[PDB]
Amino acid sequence: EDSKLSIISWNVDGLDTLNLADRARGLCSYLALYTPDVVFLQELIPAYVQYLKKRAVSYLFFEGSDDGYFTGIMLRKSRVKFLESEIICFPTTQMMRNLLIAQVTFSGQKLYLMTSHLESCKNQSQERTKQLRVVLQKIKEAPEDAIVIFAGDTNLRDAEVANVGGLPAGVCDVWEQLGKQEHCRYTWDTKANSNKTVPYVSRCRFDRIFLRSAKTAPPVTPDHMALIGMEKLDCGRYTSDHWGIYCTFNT
Amino acid sequence: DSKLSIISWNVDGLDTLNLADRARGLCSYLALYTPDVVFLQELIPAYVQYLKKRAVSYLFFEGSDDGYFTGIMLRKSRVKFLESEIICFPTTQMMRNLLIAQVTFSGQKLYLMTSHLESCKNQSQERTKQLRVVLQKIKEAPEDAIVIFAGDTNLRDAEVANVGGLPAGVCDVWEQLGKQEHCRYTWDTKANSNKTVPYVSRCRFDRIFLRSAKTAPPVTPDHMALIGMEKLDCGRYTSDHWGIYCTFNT
DNA sequence: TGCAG
Ligand SMILES: [Mg+2]
């Protein structure tokens with residue numbers, strides 16, 4: 001339906017150079033299939049984002065850096081009006097992580113769109129938790145008339161959100177709100193996804209979407225979510241070692 | 001014993017306190033473990049001078065001729081040498097490089113490699129550029145060789161994930177052996193008092209990467225232990241690092 | 001040549 005917002009969030013694994021060009025074409029095929037209004041990307045590198053800017057011309061692009069690897073937000077120009085953007089630094093990151101924000105108008109409503117790729121690996125629980133607190137604070141404090149959508153690769157694992165006292169009042173995790181469905185829970189699954197070779201099997205819900213409605217208007221609900229990218233491409237590999245999330249909202 | 005054995009150890013040659021007593025310590029380990037290959041980091045000329053005098057069962061290759069540098073020792077009775085080379089790391093600020101010795105071990109070609117990757121927490125950028133060079137050389141090594149890289153990589157787990165992980169066919173031996181808790185940390189300021197610091201840091205800097213030969217059945221690691229975790233007569237440890245002893249099913 | 005849980 002028309003006023004329904006659609007998004008894709010995906011860590012595209014730009015740090016994996018193997019078949020990277022073919023995999024960027026694969027990403028583009030999913031974007032053409034799903035025509036999302038907003039795309040939140042992690043682990044872009046300059047060659048990858050240059051390619052997307054050549055192909056996905058119906059989108060406006062914002063990046064979290066100009067070199068190394070970084071996040072991106074793409075906004076569908078026919079659907080989403082860009083207002084302003086900013087980058088918030090993570091003071092103690094060892095991995096150049098940060099918080100990229102874009103404020104936009106959509107369906108007569110202000111949206112505050114955010115993405116990050118939180119500090120990586122089990123052993124970085126402490127720094128990752130520090131960054132999570134910064135993200136949740138920015139969600140809470142965002143302009144009262146805006147719907148806030150954070151979507152990114154949080155690297156979060158069991159009990160790390162519980163250990164900060166859970167999500168604050170007014171903020172939900174979309175996968176939780178849609179019923180905690182096993183069918184679309186794990187976004188990183190090394191048994192199912194053969195892109196990285198690993199000594200031990202694991203399944204984690206690293207990619208997450210957090211939603212806050214406007215404080216001054218009726219709340220909106222998520223509609224549906226699905227994991228995407230579970231097809232192999234012509235080159236015999238998946239688009240990424242992560243599955244993407246496609247999600248719609250009742251805006 | 002058909003099993004190949006190695007020791008890898010950063011000897012901390014930049015710490016000159018009790019250096020002769022500590023080299024004697026290392027030699028005691030070599031006499032006990034009689035490894036087929038020793039991969040050493042942070043040798044200095046005084047140190048390697050001592051080792052060459054004592055460890056007469058070994059053929060020595062050194063990664064430089066002054067300052068501090070790496071070395072590979074080959075047990076002459078077990079390993080036949082073929083050729084060696086040094087790959088330069090163009091943007092190192094610490095004279096780091098990749099030292100490679102190709103050898104045969106009862107007829108099976110081994111491609112032996114060591115490096116001391118750029119030091120310090122804040123050098124992740126140059127360290128990971130060097131790691132990429134290492135992993136590329138392991139991937140491209142001759143199909144008929146078993147590859148063993150062992151060195152002081154100064155790596156943090158995320159730095160490896162952040163280059164895309166280890167390439168297919170390449171494993172980290174400690175991971176492959178089950179991520180065992182008591183042979184995990186190789187630089188541990190709580191357990192090792194040679195460095196006087198007021199904080200606790202426990203790091204897995206010393207690592208071994210293994211690739212099989214296509215021309216032979218796959219190689220698995222057999223057993224690993226951390227060594228050097230006892231004080232010498234002088235009241236210091238052999239190094240601020242623990243050494244790694246490891247065997248392979250070859 | 002500054003952890004992990
Ligand atoms: Mg040192």
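Any value given below was found using the heavy atoms of this structure, including those in side chains, with hydrogens, waters and symmetry copies removed. Every chain is numbered from 1 and lettered A, B, ... according to where its sequence line falls, protein lines coming before strand lines.
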Heavy atoms only, 4.0 Å cut-off, all strands: where does B:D188 land among base, sugar-phosphate and nothing?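 Nothing, no nucleic acid heavy atom in range.
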Around atom CD of A:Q177, are there more than 12 heavy atoms from other residues, nucleotides or ligands closer than 6.0 Å?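 Yes, because the 6.0 Å sphere around CD of A:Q177 holds more than 12 heavy atoms from other groups.
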Taking atom NZ of A:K138 as the centre, report whether more than 12 heavy atoms of other residues, nucleotides or ligands fall under 6.0 Å from it.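 For A:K138, atom NZ is not crowded (no more than 12 foreign heavy atoms under 6.0 Å).
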On DNA chain C, nearest-nucleotide positions of B:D157 versus B:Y68: which is more 5'?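 That would be B:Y68.
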Excluding sequence neighbours, so at least two apart, what forms ring-ring contact (aromatic ring centres under 6.0 Å, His included) with A:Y69?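 With neighbours one apart ignored, the set is empty.
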Nearest-angstrom distance from the residue atom [atom1] of [X] to [atom2] of [N]:
{"X": "B:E181", "N": "C:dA4", "atom1": "CD", "atom2": "P", "result": "11 Å"}
{"X": "B:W187", "N": "C:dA4", "atom1": "CH2", "atom2": "P", "result": "12 Å"}
{"X": "A:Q124", "N": "C:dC3", "atom1": "CD", "atom2": "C1'", "result": "9 Å"}
{"X": "B:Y185", "N": "C:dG2", "atom1": "OH", "atom2": "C1'", "result": "14 Å"}
{"X": "B:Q93", "N": "C:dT1", "atom1": "CD", "atom2": "P", "result": "17 Å"}
{"X": "A:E160", "N": "C:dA4", "atom1": "CD", "atom2": "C1'", "result": "12 Å"}
{"X": "B:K179", "N": "C:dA4", "atom1": "NZ", "atom2": "P", "result": "12 Å"}
{"X": "B:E118", "N": "C:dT1", "atom1": "CD", "atom2": "P", "result": "11 Å"}

Less than 4.0 angstrom between a side-chain N/O of [X] and OP1 or OP2 of [N], yes or no?
{"X": "B:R184", "N": "C:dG5", "answer": "yes"}
{"X": "B:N154", "N": "C:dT1", "answer": "yes"}
{"X": "B:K121", "N": "C:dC3", "answer": "yes"}

Where along residues 124-135 of chain B does a heavy atom come under 4.0 Å from DNA chain C, residue by residue in number order?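 Residues of residues 124-135 of chain B under 4.0 Å from DNA chain C: none.
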Members of residues 201-208 of chain B that approach DNA chain C, where some heavy atom sits under 4.0 Å away: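 Result for residues 201-208 of chain B: B:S201, B:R202, B:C203, B:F205, sorted by number.
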Working for side-chain contact (heavy atoms from CB on, under 4.5 Å), residues A:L132 and A:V161: CA-CA 8 Å; A:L132 177 65; A:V161 177; 4.1 Å; yes
Residues A:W188, A:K196; criterion side-chain contact (heavy atoms from CB on, under 4.5 Å); working and verdict: CA-CA 11 Å; A:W188 191 79; A:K196 87 133 88 194; 3.9 Å; yes
May I ask you to say whether B:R78 pairs ionically with B:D36, meaning some side-chain N is under 4.0 Å from a carboxylate O?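 Result for this pair is yes, salt bridge flagged.
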Side-chain ion pair, B:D15 and B:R236, N-O less than 4.0 Å: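 Salt bridge between B:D15 and B:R236, a charged N being under 4.0 Å from a carboxylate O: yes.
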Measure from the side-chain N and O atoms of B:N162 to the backbone N and O of A:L15, and report whether any donor-acceptor pair falls under 3.5 Å.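 No, because the side chain of B:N162 does not come within donor-acceptor range (under 3.5 Å) of the backbone of A:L15.
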Checking contacts here: which listed nucleotide ([options]) is nearest the side-chain heavy atoms of [X]?
{"X": "A:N123", "options": "C:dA4, C:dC3, C:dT1", "result": "C:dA4"}
{"X": "B:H241", "options": "C:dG2, C:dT1, C:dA4", "result": "C:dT1"}
{"X": "B:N10", "options": "C:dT1, C:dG5, C:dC3", "result": "C:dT1"}

Can you find a pair of side-chain heavy atoms, one from B:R204 and one from B:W174, that are under 4.5 Å apart?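 A side-chain contact exists here, since the closest heavy-atom pair is under 4.5 Å.
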Please walk me through it: do B:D206 and B:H241 pass side-chain hydrogen bond (donor to acceptor under 3.5 Å, both in side chains)? CA-CA 8 Å; B:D206 299 281; B:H241 291 246; 2.7 Å; yes
